[PDB]
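Taking the form deposited in one PDB entry, here's one chain by itself in structure tokens.
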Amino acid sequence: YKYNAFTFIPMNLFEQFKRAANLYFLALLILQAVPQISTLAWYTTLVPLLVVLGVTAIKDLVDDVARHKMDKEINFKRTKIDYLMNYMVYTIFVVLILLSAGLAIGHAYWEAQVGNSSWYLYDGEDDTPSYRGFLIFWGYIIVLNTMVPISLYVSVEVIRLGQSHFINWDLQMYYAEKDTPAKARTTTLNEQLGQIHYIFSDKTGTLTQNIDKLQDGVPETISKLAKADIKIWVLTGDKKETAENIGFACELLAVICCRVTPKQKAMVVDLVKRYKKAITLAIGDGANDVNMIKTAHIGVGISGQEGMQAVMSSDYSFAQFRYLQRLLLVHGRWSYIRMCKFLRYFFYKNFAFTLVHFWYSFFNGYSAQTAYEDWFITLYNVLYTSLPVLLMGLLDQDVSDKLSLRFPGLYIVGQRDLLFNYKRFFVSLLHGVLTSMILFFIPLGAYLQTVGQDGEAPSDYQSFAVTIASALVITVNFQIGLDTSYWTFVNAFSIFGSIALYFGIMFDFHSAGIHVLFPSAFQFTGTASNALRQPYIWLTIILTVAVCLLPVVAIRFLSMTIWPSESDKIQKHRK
């Protein structure tokens, strides 16, 4: 019951120090605060940071308000993806550090060869080529900072929070006469529902009504998950007597170790976890089950008749065991696909965005200049490429809910963990490298030659920057459009809204009206109105967008044609 109305100081402390990326961006503020190495403005990090920090604060302020009112009237689990996400952020640091030093070495020699004799690159600081190369190491840390995704975290709670609510609202996972819907009481364990390997179930209170007779739909729910290749263990009952009598039932129900006291219940859970390194979901009711609920990666608590006491000590608390089908096959399965598709696109669209600086490093003396508007870095992560991936993370459906139940075999995609590996992180990294290379060199070739050259000639850096950004925004927003399978009217709105919102914002940012307000902060006045009215620039953007999307379309088409996925095989057959 914290947040005593004067306690905003520890929330950022919980946000900043605990999270590896958060304090890095904080350490990044100090890096770019000193003008001696500041290659980007402080706006570039604060605005995404405050939005990312602010949204997370809102998502947690509401939670404590509920606790206060709850306590006013009366008077740790971590996902497999969370660890993978954590490591990849560090992996970006070393790559960011390596490139910054690498380009620093290239810059150090460039100053002794070209920079020294280049009289136009004289600044009065008698800096030896070793010292200039050292200083720019921090400059290339700042420019390539957005290689570390700033909205990676906040987006994850939004996807998980939204996915958890679909469990609450599911009319199919709702009990009529008891009037007890499903409830996801932890909103941070979602993709793991799609990665479940083991199920631990109590019998008295979960597989039965406790009023005992088996619970309706259990024989077909138990079989469905088995077809999804989830092993089911029951830790309950009284010796082989009750075991085989009901074990042989439920369509053969597998280890049936019975008689387990709650001490044995939690002990048995750890045996599979430590000696198999697999994700487990525990389902039960009553005090005797709360032991496994905590130890297991996912805890499920049936309302049952034993007592409304094991539900609040769990992660999901729907009313019937039969509702376990939709929790995993529908809600869990879609959550993993939605999450992995999000991360696969999230790292790509940042690498494809930042690495243009690296390619443009070779044509500016390795001097660490931005290839974009400084204000394009600010809004790229929160505004231009935030909603469409978020909507996909919530609304995407490879197959319908009814078809997902009829095909439990689509679940293995999560158990095997195929849609986001440590390898596929680099493929999205390579895909960012190539897209950035295409997003840079195709405009480069056009800009090397004549590009709409007349009294109004976009042959400059700013038009070069706008062209690369414009092709980038369309490419990534078309890339996410290629990723989505469930084109809801809101999914289409977000994709075109992001592109329209981008194109709308440049005009306001590039209009003469905003120039007078802040002439130094917003300096591309007239660039969009001049660069985007030229057919050669649009031919460049169309060519750039095409040559960076058709290979994706061709590769995507070949991959499903040569190695069709389980989803594609059944998605092709509508019936």
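Shifts are known only where both forms have a C-alpha. Whichever C-alpha set is largest while still superposing within 1.5 Å between the two forms counts as the rigid core. Start at 1 with the first residue shown and count on from there.
The form deposited in another entry exists for this protein as well; it is not shown, and the discussion that follows is about that form.
- The comparison between this form and the one not shown, aligned on the rigid core, picks out a single residue among 423, 402, 239, 178 whose CA moves by 2 Å or more, and that residue is 239.
- Positional change of residue 59 between this form and the one not shown stays under 2 Å at the C-alpha, relative to the superposed core.
- A movement of the C-alpha atom of residue 70 reaching 2 angstroms or beyond is seen between this form and the one not shown when the two forms are aligned on their rigid core.
- Core-superposed difference between this form and the one not shown: segments of three or more residues with every CA shifted 2 Å or more are 62-75, 237-240.
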